[PDB]
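The structure appears below as structure tokens.
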Amino acid sequence: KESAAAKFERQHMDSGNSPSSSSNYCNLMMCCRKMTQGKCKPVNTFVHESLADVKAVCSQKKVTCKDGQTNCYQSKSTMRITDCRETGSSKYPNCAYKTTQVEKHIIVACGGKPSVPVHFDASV
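End of the sequence shown = 150 in the UniProt record's numbering, gap-free, step of one.
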């Protein structure tokens with residue numbers, strides 16, 4: 027019975043800067059949050075930075091996304107994301123995730139008074 031945001035965050039703001047590894051965080055978080063149910067997540071972008079800033083990003087700069095949908099917000103600065111993907115190897119229940127470390131502006135979706143980020147659009 028989360029306000030969406032908290033769960034969205036735990037699915038996305040993995041947290042803690044770490045410019046290394048890749049696969050480890052990818053599979054670890056998915057396992058930890060047991061999102062490796064019925065079918066696993068072919069793509070998901072894991073943020074590894076100050077969760078406090080995410081709530082600020084939400085309340086920083088609206089950008090018209092590649093649709094003009096929601097009211098998506100671009101981060102102040104480029105943040106550490108580990109862009110997580112299932113390799114052409116992932117075989118549920120033997121799911122196999124691999125991340126791509128990139129420093130890009132997360133594009134988050136804020137709402138749900140008091141305004142908190144509840145979805146993600148993309149990162150650039």
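Think of the CB as a built atom: it goes at the ideal place given N, C-alpha and C, for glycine as much as any other residue.
Cα-Cα, which of the options is closest to residue i?
i, options, result
"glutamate 129", "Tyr123, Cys57, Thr71 and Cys66", "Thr71"
"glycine 94", "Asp147, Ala30 and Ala32", "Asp147"
"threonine 62", "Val89, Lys117 and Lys81", "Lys117"
"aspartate 109", "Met55, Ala31 and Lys33", "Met55"
"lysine 124", "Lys67, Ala32 and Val144", "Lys67"
Classify residue i: buried if its beta carbon has 16 or more other beta carbons within 10 angstroms, exposed otherwise.
i, result
"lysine 27", "exposed"
"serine 85", "exposed"
"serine 115", "exposed"
"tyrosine 99", "buried"
"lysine 87", "exposed"
So, for residue i: in the same chain, excluding its five sequence neighbours on each side, which residues have a beta-carbon less than 8 angstroms away from its beta-carbon?
i, result
"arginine 59", "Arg36 and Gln37"
"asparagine 43", "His74, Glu75 and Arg106"
"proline 119", "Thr62"
"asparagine 97", "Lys88, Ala135, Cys136 and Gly137"
"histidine 145", "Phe34, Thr96, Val134 and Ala135"
The alpha helix (DSSP H) with residue i in it runs from where to where?
i, result
"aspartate 109", "Counting along the chain, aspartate 109 falls outside any alpha helix (DSSP H), though it belongs to the beta strand (DSSP E) covering 105-112."
"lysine 81", "77-84"
Got a sec, what are the start and stop residues for the beta strand (DSSP E) residue i sits in?
i, result
"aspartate 147", "142-149"
Report all residues from its chain with a CB closer than 6 angstroms to the CB of residue i; omit the five preceding and five following residues, and keep chain order.
i, result
"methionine 39", "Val73, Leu77 and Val80"
"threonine 104", "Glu129, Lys130 and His131"
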